[PDB]
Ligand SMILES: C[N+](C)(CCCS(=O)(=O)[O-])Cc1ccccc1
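Next up is one chain by itself, shown in structure tokens, the form solved without the ligand.
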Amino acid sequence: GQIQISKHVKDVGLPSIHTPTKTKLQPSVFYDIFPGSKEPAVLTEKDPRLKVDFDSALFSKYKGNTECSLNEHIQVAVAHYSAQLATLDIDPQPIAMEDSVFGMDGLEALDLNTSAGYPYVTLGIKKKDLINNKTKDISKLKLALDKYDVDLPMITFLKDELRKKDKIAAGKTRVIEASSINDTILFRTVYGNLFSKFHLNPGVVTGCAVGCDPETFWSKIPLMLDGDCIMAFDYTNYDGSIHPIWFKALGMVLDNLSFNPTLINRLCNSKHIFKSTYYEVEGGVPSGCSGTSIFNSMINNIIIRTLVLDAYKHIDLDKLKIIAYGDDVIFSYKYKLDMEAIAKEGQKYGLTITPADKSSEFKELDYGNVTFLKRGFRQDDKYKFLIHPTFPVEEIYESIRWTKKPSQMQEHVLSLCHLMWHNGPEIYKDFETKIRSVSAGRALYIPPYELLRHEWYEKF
């Protein structure tokens, strides 16, 4: 995250971009029944709740880059992770346009419901206008691709979500980086085969959790991290604190898999437009690009290997087991390591690592206090080899208070019941009861705790 250049769009022959300002979120019929502090993020400087300058708060996350270079440990990390991935036997060959657009085994189709990016967003062109899902006609898309070529600027948008109260006045809204459909397709065509293999193989070989079902995967994890010390921690602004050298690393891994290692320099050194400002950034993974999840994850796997090599002199990398989902990571070693000491080593690279789940200091962890993807671990009372993914009840209460689709609070409630019941019968009982304390809740179908339970057992 180093801003290199910053210009007015007109002085580069670029349009301004309409940036949305209204939230889709609104209070649900349960707004008053459950406790919660969260509210929609700030989307404009004219938000009354805002107690600071919005732009200065938005772009404050771009600091600079620490002075570091590659080194032998990073090169060892690359060598080791590269060796792992090769065992998967990934085809480095490109994929056909048809697969880039409509998907293939382990690659979803393009999202026809989201923006097409620059320049279509300034010309009233939607993805659906370029792609006819029902006839698979892509004549219009082919025409656009030729017309505007590639490496178009990503467009900065504000993410419309609930945030904690303390992110509202502070104006700490998360930003999104919109990839042009031209570029998404391009990255898919080159890297599709890699993305797919990752999607189809969550676990300790990909070093990646993307593509897992927590309800069934949670029982595999203690088998995959067979180790003695199990550990986890937190990144302060992971994506923007990625130094260009991790990108050189990622490239080296890609190269060892016989993929193209240069396209990703469009992520390291990226073009963006925010409203009427054109800018370019050196460093940081532009969350919103093609492959954010995979590339962020692959990178984490290098970092963690490097950090451990830095902190400990005689390590067995084969017994350092890692699973990552972007910035989120859980890992193990065969003996006990000092999380505190490892986190320290990230500092010289520009990484800020903190005790997992907002502790004040680093404490030991086991499958009792550790979490991944917001979920905890706890064994079934009947089958001790089956592990529940626990979910924070506070977040369930915050979630139910808001809705983006009033006419389907039923679907909403069902999604939460499937999260909640893993926490146990009596909390689930209480949840049901609170729901039915009002008329709207009693109108709703709610799955019985035992129905949920047995359905869970049948998946094993």
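The term rigid core refers to the most C-alpha atoms you can superpose between the two forms while keeping them within 1.5 Å. Residue numbers run from 1 along the displayed sequence.
Although not depicted, the form deposited with the ligand bound is the subject of the following passage.
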- Query: Quick one: of 377, 325, 235, 217, which gets a non-hydrogen atom within 4.5 angstroms of the ligand in the entry with it bound?
  - Reply: 377
- Message: Give me the residue from 273, 209, 298, 387 that has a heavy atom within 4.5 Å of the ligand in the entry with it bound.
- Response: 387
- Item | Options 316-324, 377-385, 244-252, 121-129; stretch whose heavy atom lies within 4.5 Å of the ligand in the entry with it bound | 377-385
- Task: Answer with yes or no whether residue 92 is in contact with the ligand in the entry with it bound, where contact means some heavy atom within 4.5 Å.
- Result: no
- Item | 4.5 Å heavy atom contact, residue 222 to the ligand in the entry with it bound | yes
- Message: Please determine whether residue 213 contacts the ligand in the entry with it bound, using a 4.5 Å cut-off between heavy atoms.
- Response: no
- Message: Even though the partner isn't displayed, in the entry with it bound is residue 105 close enough to the ligand, meaning a heavy atom within 4.5 Å?
- Response: no
- Query: Taking heavy atoms and a 4.5 Å limit, what residues of 67-96 are near the ligand in the entry with it bound?
  - Reply: none
- Of 304, 289, 315, 168, which one has a Cα that moves 2 Å or more between the shown form and the other one once the core is lined up? 289
